[PDB]
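The data below hold one chain only, encoded as structure tokens and taken in the form deposited in one PDB entry.
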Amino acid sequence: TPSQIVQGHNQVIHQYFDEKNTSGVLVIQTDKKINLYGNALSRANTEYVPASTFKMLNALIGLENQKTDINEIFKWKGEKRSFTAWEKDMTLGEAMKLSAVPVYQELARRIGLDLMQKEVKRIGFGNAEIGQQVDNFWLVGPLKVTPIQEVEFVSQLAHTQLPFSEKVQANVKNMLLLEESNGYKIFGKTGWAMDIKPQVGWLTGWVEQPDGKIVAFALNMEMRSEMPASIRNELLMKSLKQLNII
């Protein structure tokens, strides 16, 4: 009789990251319990630049402090942008889904260095340090955050427990809906810091199950320039299915 290799979700999600030849962690939180999966669990308590995941908090601060509103159309004023898809007028929510950093640079500048630093420290996001450059502090340092801190943050958003008004949290949640099917909803925000070394990739968000239960996640992995951006979505969705969260 031969032996059988028996592999549960822990081994499988470790091997999903090995197959991409990169280092990654998936942090899960539900019912105030956090579990770690992937091939690089020490990443879960390591600080990384948040990159575009910071747009969730930029939006909360800008809406709370009435620097913008959910219907405002941010105009494309004519500079060549990183992607043609960004060369259009769009709302905060559209810019969230596209990760359109020039819209959120305009918003960060309206908020201003002083209010932004005070608000980031009030929330206590990551190392709460934004330095002197108001338009890139989430992209190239000095702001850094761990994957565990991101899962705690996004779980609070999902539960309307951040220290912001309930309407502002509801409105930002609505900007983050990625998919709905069969009574499940997936909400989340991607990020990819391409301008530092090592590059960092994120996908932070939560699943709302058909009975209303919230399962939050933070995927964090080392990226390289030849990977498709969808590698993050692929690894997340395969892992969530292995975990029977979807």
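Note that residue numbering follows the sequence shown and begins at 1. Only residues modelled in both forms are compared. Take the two forms, superpose them, and find the largest set of C-alpha atoms that agree within 1.5 Å; that set is the rigid core.
Below: the form deposited in another entry, not depicted.
- No residue of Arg122, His159, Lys80, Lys167 other than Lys80 has its CA displaced by 2 Å or more between the shown form and the other one when the core is superposed.
- Core-superposed comparison between the shown form and the other one: the C-alpha position of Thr146 differs by less than 2 Å.
- A displacement of 2 angstroms or greater separates the C-alpha positions of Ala100 between the shown form and the other one, with the rigid core held in common.
- Panel note: the distance between the CA atoms of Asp89 and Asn171 is smaller in the other form than in this form, the difference being 3 Å or more.
- Relative to this conformation, an increase of 3 Å or more in the Cα-Cα distance between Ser225 and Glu87 is found in the other form.
- Core-based superposition between the shown form and the other one shows that the consecutive residues, three or more at a time, whose C-alphas shift by 2 angstroms or more lie in 5-7, 77-89, 99-101.
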